[PDB]
Amino acid sequence: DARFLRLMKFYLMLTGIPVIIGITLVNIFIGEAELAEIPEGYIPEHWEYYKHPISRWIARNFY
Amino acid sequence: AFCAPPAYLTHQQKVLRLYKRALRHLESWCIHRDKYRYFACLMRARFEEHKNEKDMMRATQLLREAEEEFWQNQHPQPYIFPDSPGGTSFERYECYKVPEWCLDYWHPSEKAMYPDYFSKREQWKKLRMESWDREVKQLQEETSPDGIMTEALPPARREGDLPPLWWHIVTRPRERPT
Amino acid sequence: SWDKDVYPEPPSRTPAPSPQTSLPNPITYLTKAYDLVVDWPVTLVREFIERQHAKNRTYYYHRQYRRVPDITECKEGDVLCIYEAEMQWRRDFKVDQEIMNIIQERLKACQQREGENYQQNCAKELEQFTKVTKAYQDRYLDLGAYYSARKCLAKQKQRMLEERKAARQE
Amino acid sequence: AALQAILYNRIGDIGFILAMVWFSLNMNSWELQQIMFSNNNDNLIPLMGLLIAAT
Amino acid sequence: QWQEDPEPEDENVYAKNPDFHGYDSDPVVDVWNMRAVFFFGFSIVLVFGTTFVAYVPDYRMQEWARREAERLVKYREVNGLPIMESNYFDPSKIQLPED
Amino acid sequence: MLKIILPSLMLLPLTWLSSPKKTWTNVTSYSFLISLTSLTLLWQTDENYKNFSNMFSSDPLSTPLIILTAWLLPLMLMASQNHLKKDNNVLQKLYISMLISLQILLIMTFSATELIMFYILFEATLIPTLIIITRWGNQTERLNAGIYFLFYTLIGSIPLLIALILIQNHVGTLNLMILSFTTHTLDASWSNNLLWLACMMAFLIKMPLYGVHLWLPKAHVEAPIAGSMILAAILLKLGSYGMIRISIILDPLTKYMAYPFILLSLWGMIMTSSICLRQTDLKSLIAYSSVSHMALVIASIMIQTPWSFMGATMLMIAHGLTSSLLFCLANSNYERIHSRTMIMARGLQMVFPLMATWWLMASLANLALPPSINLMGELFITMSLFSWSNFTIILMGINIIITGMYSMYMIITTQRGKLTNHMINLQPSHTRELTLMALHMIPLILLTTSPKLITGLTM
Amino acid sequence: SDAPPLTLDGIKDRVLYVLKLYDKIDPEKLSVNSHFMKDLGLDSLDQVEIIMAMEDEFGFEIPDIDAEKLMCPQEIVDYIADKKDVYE
Amino acid sequence: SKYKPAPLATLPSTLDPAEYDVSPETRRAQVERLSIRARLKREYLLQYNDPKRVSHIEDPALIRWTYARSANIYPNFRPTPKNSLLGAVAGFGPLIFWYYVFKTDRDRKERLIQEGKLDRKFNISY
Amino acid sequence: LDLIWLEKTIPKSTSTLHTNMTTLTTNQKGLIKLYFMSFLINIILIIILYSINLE
Amino acid sequence: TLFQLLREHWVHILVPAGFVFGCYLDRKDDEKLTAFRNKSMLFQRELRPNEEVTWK
Amino acid sequence: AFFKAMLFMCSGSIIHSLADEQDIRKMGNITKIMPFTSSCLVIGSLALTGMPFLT
Ligand SMILES: CCCCCCCCCCCCO[C@@H]1O[C@H](CO)[C@@H](O[C@H]2O[C@H](CO)[C@@H](O)[C@H](O)[C@H]2O)[C@H](O)[C@H]1O
Ligand SMILES: CCCCCCCCCCCCO[C@@H]1O[C@H](CO)[C@@H](O[C@H]2O[C@H](CO)[C@@H](O)[C@H](O)[C@H]2O)[C@H](O)[C@H]1O
Ligand SMILES: CCCCCCCCCCCCO[C@@H]1O[C@H](CO)[C@@H](O[C@H]2O[C@H](CO)[C@@H](O)[C@H](O)[C@H]2O)[C@H](O)[C@H]1O
Ligand SMILES: CCCCCCCCCCCCO[C@@H]1O[C@H](CO)[C@@H](O[C@H]2O[C@H](CO)[C@@H](O)[C@H](O)[C@H]2O)[C@H](O)[C@H]1O
């Protein structure tokens, strides 16, 4: 039982901690977009309708 | 708990069991020790007045009427010792009574923390393995011819023999295991 | 922040205070200690974060949908026209749900704010919740799990025909 | 004794759920502030549910 | 009787390999099956799949709808229009039967 | 969907071209990666559902069912390894291919845009399912279980085929989107009432509806563990998913046509939950528990309300994970003492403390402890039924009481009391077994954190 | 908790102690091996009370099937020692 | 006085007339019963204490009980007037009763809605 | 219900009917004389249906 | 690299190649369905300066 | 919540010292042999019974 719990925690932290650091670092140094009125004559891209840098990055590169 | 019951209770056994119950329920009614001692002696006098009844058929009838009297004068909530059936601590430690065969699954890193305990345990296992065949033979030899059988087990008759079917008695968990 | 027009809040009216006793108020001193030990370091961390945000300023836009023809202007069996009209109706239905949520949020905030006065001072929020609920029920009640623009229209026409009948008898 | 506590409190939980379903259908809320505007209604069905849950 | 094997005996999996993880009798195959399950199942799918789902923006246009609702509530109130009307469709667009 | 289906098809050559010592590690790992890719279907930033082509789509109803299907394949593989370890290499690969085949068929089934395509894939699943039950089931009753399962389905499916042909001859298409937009009211003729039943019976037998449920307790008790997992988790949901898709064209006859099936379900859920109190076989107990839960799904789909559809969608997913977990937990004791009799092994918390924790959470999920998605689905179903008729709460209330009774009864009987200490073959829990339990229970908790993902079509 | 563990000599002392306070026994002729019926001349009703006094002394019950066989103080000492896992 | 037994509060052995019977016919039965118990106990213990046992002890009585309560049921079922009447009443009885509860209630609810005397005040979710 | 009457009325009566129909139609003597008699009945029946349905 | 190594690890290209091929077939499905690109009521607009298609 | 928790604590103090004995018929004289537990037991009982100015 203790071996299993050690292994499960190790493998959740193996990628889980780096993702938590990366999210924290993105949220401190990048931050979310602020809402702005569409300039006249401007056609925004689809990923400019989202706030979060991660969500815009996934939207831009994969959708 | 250690001795198996017989096929039937003799008349004497039934009378002595009623005597123990009657006193114990009296103790529950009286509470105070001086009051209980007074009525405990009065209770014994009632069992004595018919001690030498030689009729049997009257003795059996006297047992009937006493048992009927007991049920009517029974304490609804008699005192029970804490570890007895129905007591508050009854089976309280069963969740801690881990059988010895669990140790056969311990990891070597677990066993390495008790090097001396697991050396003695090997001696007890070697002793158990050597004695089994003799134990089985003794029970086969001592079977009675007529089918009448009981749960009583024989002792070890010879020298170096262990009593048959001893492992589950000798190695059982302690009453207070942890 | 937020729009004070969408989510109105009455102005605060906090008394003096005018303490009578000579004992010291422990809440006053605990708040000063709190404002130093807790509030002040937290503000510095936030101000650092906001400074980083302004160096990477990006923007996002609220999407605008141009109106398309309603289900009323679609020929039956015209799936291309029905699809766009139906998708428009689902967008509006969703926005109606959030308008209900805003009105209930105002109602709940006002009740809490008014306390023992809520039975008198929540009259306008309770009336708006009553009106906006009537209008919601007329659009959407009893449409079912397969609600749609076609069913909403059939529900409206059934109500209009009954209103017309009652008025004609008058 | 452990299962007995579960059983009796599950019989009470039926009344709690009765109140919950009633308030979400008649007030569209489980929030106490919005439930306060049920003051003028007839609240026998939901209050009987709370009473059973409390019992 | 017919010619049939006896039933096999109960086996303790930990007797030969006390580090058995449940996957294979070969110890090296066993530990790598354990690692692949923990790595791909937990490190990859459960962590990154959870992250990816968390950052799906405006899921089913719920953020846009609240943003659009506030815009309309604002507009409909400064201009004095009702917040929400009973009729979804303008009655002028409907032609009822004469009867 | 092709970027999900094609890699799934490549698992078949991967199985057959792998070395004997690498097959399980290979197929399990890529099966996990295919589950990861199916999450792309959750990237839904608008209210227009994804139509990838004329053939495959995905909306908020099929997307959760597709992802749950993709997740089950790795879990079923881990569940199967220990009891297959005596089969030769070709037999192991054949078993894996059957499991992959269901995964492929089911993903295609939930993404099909056309009803006869749904029907063909819906019927195709019987082949690998029957093979799994009868070739790898343990008892002689597995053959009878195969017959009941196959022919309860088939007798209902033939009327469904007739109805689908009839609709297509009349409308000109069985495409679901076009059927939705162009639907027109039905007349309440005897002929249309038979049409309603032909469209509904196969889905109702599959749920199963109370009265025609006898195939399911038989199929579970006799199937191997991976068969029980897929059957309880996904295959029963084909009926509920079928009913939701096809009921759009059946209005307004469902208003009166549903009454006998609401009655069977609401009363039947009490009969089957009460059976669980006196069931000696643990697998049978879990199976009857499913019939009771799926009775709620039937009732809420029949009344066709926004709440009822949302509560049914959540319960479908929650039951899928919970029941699959319970079968896996029961199978771990069976693999040690080779009996399904519940009262045989006892006090197991003494020797399997962490497995007992998995038991408790599975049981707490099953009796719908808040805020689990199990409770959320059952709660919104209860609210919608109360609206349909306030007297439904009486039958709901009885089922809630009984469900707590048997859920805790199973835990007390098997995990608590004195240890049955003659069972010296109670080997410690496998890492694989404890991992398998966690892979069920973490998603249940994660879905409880973000319940928007399984609300379905109506919310 | 706070009670000391029982001992073979500790049990023996308290078993003989209880018997020395029984007026139907002369303390001087009492030894661990004194048979209650033969050597001490007590009837069966008396033996019921001796066991009942033993249960009170140590605060635990002796089932009737086992109590009826305890006919000398050493049998009582042995029984209490095996019940409570006393071994030295 | 006197104790009256009930199915859920049974007669004590001490009050049972059959516990005080000493006829040799009864004592022979009691001895015969103990011989069966003792032989079964011996067989169990020989398995239990055997140091070469590797698995749990099979329990034929439990297998018979679980078999009797499942597979053995249908072969030993005979349709009788009591079975048939009970099956029809239990199977269909509750279904018909609950049909009229829900049908009657829902008919009234619709009747009030058509003619406007159902108070749907804030009900917007269903 | 579950072990008796739901078994008896749905799966078990279906099994009995088709077994009964199977034994009544497959218990053939293998005598060409009897089959040719039955083919004569088929011919007569087809001629009768044609005659009555003659406009 | 080594026939013993390659004969064991070459199978690791099957599922990735199924994914890449599955993605390729999904883009071919987009190409067959461009009959309303930049022609719907909801979204049609004028093309930006150096823009050939609104989506691909 | 105050005097009832104390009453249970004081009885748990007694139960623990008398070797897990919960029956009051095997207690007695606790006022002298357990002075602290007895004093708190009496305080708790007087608060329960409404002794003036206690909780
Ligand atoms: C599921 C797993 C997902 C893994 C997620 C990994 C996401 C990685 C996040 C990268 C985010 C940063 O992304 C980057 O941000 C910058 C901000 O300078 C933005 O860049 C854009 O705006 C900035 C604003 O200053 C301009 O200077 C720049 O020229 C322009 O391109 C883009 O958004 C992107 O170029
Ligand atoms: C909730 C679901 C409800 C389940 C059904 C409840 C109703 C049950 C009552 C059905 C009544 C009919 O009961 C009927 O009884 C007769 C009495 O011999 C049985 O008859 C039985 O013996 C006869 C000989 O006489 C055989 O030919 C027959 O095949 C055999 O079954 C029928 O097989 C059974 O169908
Ligand atoms: C309306 C929707 C629902 C309709 C569904 C109808 C389902 C019909 C399923 C038919 C089942 C065929 O089942 C076939 O016959 C019976 C079923 O009792 C089984 O028979 C089994 O039980 C009988 C006793 O009843 C035993 O004597 C026999 O040895 C045993 O095999 C066969 O082993 C099985 O091959
Ligand atoms: C429109 C068709 C819908 C129904 C679908 C078809 C379902 C099948 C029903 C007919 C076949 C089942 O047939 C039913 O089960 C088996 C045969 O399998 C027979 O049962 C028999 O099985 C075997 C083989 O003979 C014997 O060892 C057994 O003792 C005997 O009971 C049943 O007496 C019969 O009633």
Side-chain angles (χ1 to χ4, degrees), chain B residues 1-27 33 36-37 40-41 43-52 78-90 93 97 150-152 169-178, chain G residues 1-8 10-11 14 17-19 21-25 35-38 41-72 74-88:
Chain B
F2 286 112
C3 301
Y8 46 93
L9 295 179
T10 63
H11 177 91
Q12 291 64 33
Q13 282 180 293
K14 303 215 273 289
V15 170
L16 294 172
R17 279 155 169 70
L18 168 58
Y19 183 51
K20 189 172 169 181
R21 274 207 318 282
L23 288 173
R24 274 276 138 80
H25 281 64
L26 265 173
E27 184 164 27
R33 305 303 308 176
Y36 162 62
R37 293 259 50 98
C41 294
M43 179 53 62
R44 198 212 170 85
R46 296 180 62 194
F47 277 77
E48 290 258 90
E49 82 211 327
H50 296 299
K51 190 179 165 68
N52 298 300
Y79 174 81
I80 301 152
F81 281 104
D83 300 308
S84 287
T88 45
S89 305
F90 178 58
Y93 308 95
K97 285 172 178 196
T150 67
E151 293 182 74
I169 292 142
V170 160
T171 74
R172 70 185 188 274
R174 294 189 297 277
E175 247 194 359
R176 290 293 212 283
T178 64
Chain G
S1 151
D2 203 82
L6 290 175
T7 63
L8 284 169
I11 291 154
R14 292 165 68 190
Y17 199 102
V18 165
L19 295 169
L21 303 159
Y22 189 32
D23 287 350
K24 311 225 303 178
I25 291 169
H35 201 284
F36 294 136
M37 311 271 128
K38 304 173 188 182
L42 303 165
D43 61 16
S44 50
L45 254 69
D46 295 336
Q47 196 260 17
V48 163
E49 322 196 311
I50 285 157
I51 296 299
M52 280 180 64
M54 272 326 130
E55 298 175 329
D56 302 351
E57 175 71 26
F58 294 89
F60 82 108
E61 178 170 338
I62 304 179
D64 278 281
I65 188 70
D66 284 350
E68 67 199 16
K69 310 191 164 63
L70 306 178
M71 293 294 168
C72 95
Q74 183 61 25
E75 316 262 71
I76 288 165
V77 167
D78 287 340
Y79 189 87
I80 290 157
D82 308 295
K83 260 276 185 87
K84 308 296 232 302
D85 313 305
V86 184
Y87 63 100
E88 86 195 357

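Proteins come first, then strands; the chains are lettered A, B, ... in the order of their sequence lines, and each starts at number 1. Hydrogens, waters and symmetry mates play no part in the numbers below; they use all other heavy atoms, side chains included.
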Ring centers of B/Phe81, B/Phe90 separated by less than 6.0 Å: no
Chain B contact via G/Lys69 - which portion, at a heavy-atom distance below 4.5 Å: side chain
Residue B/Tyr93 excluded, over 12 heavy atoms near OH under 6.0 Å: yes
Side chain to side chain contact (heavy atoms under 4.5 Å, CB included) against B/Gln13, all qualifying residues, sequence neighbours excluded: B/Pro6, B/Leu9, B/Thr10, B/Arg17, G/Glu68
Audit row: G/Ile65, B/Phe2, side chain to side chain contact (heavy atoms under 4.5 Å, CB included) steps and yes/no: CA-CA 8 Å; G/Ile65 188 70; B/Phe2 286 112; over 6 Å; no
Region of B/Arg176 that comes under 4.5 Å of a non-hydrogen atom in chain G: backbone
Structural part of B/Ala40 lying under 4.5 Å from a heavy atom of chain G: neither
Please report, to 0.1 Å, the donor-acceptor pairs under 3.5 Å made by any side chain of residues 45-63 of chain G, with sequence neighbours excluded.
{"from": "G/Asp46", "atom 1": "OD1", "to": "B/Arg44", "atom 2": "NH1", "distance (Å)": "3.0"}
{"from": "G/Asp46", "atom 1": "OD1", "to": "B/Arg44", "atom 2": "NH2", "distance (Å)": "2.4"}
{"from": "G/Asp46", "atom 1": "OD1", "to": "G/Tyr22", "atom 2": "OH", "distance (Å)": "3.4"}
{"from": "G/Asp46", "atom 1": "OD1", "to": "G/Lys24", "atom 2": "NZ", "distance (Å)": "3.1"}
{"from": "G/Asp46", "atom 1": "OD2", "to": "G/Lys24", "atom 2": "NZ", "distance (Å)": "2.9"}
{"from": "G/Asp46", "atom 1": "OD2", "to": "G/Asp43", "atom 2": "N", "distance (Å)": "3.3"}
{"from": "G/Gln47", "atom 1": "NE2", "to": "G/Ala67", "atom 2": "O", "distance (Å)": "2.9"}
{"from": "G/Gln47", "atom 1": "NE2", "to": "G/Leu70", "atom 2": "O", "distance (Å)": "2.7"}
{"from": "G/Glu49", "atom 1": "OE1", "to": "B/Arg44", "atom 2": "NH1", "distance (Å)": "3.2"}
{"from": "G/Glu49", "atom 1": "OE2", "to": "B/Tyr19", "atom 2": "OH", "distance (Å)": "2.6"}
{"from": "G/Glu49", "atom 1": "OE2", "to": "B/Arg44", "atom 2": "NH1", "distance (Å)": "3.3"}
{"from": "G/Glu55", "atom 1": "OE1", "to": "B/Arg24", "atom 2": "NH1", "distance (Å)": "2.5"}
{"from": "G/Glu55", "atom 1": "OE2", "to": "B/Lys20", "atom 2": "NZ", "distance (Å)": "3.0"}
{"from": "G/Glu55", "atom 1": "OE2", "to": "G/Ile62", "atom 2": "N", "distance (Å)": "2.7"}
{"from": "G/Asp56", "atom 1": "OD1", "to": "B/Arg24", "atom 2": "NH2", "distance (Å)": "2.8"}
{"from": "G/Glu57", "atom 1": "OE2", "to": "G/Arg14", "atom 2": "NE", "distance (Å)": "3.1"}
{"from": "G/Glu61", "atom 1": "OE1", "to": "B/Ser84", "atom 2": "OG", "distance (Å)": "3.3"}

Options B/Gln12, B/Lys51, B/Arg172, ranked by heavy-atom pairs under 4.5 Å with chain G, top entry: B/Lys51
Leading residue by heavy atom contact count with chain G [cutoff under 4.5 Å; candidates B/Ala4, B/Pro82, B/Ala1]: B/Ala1
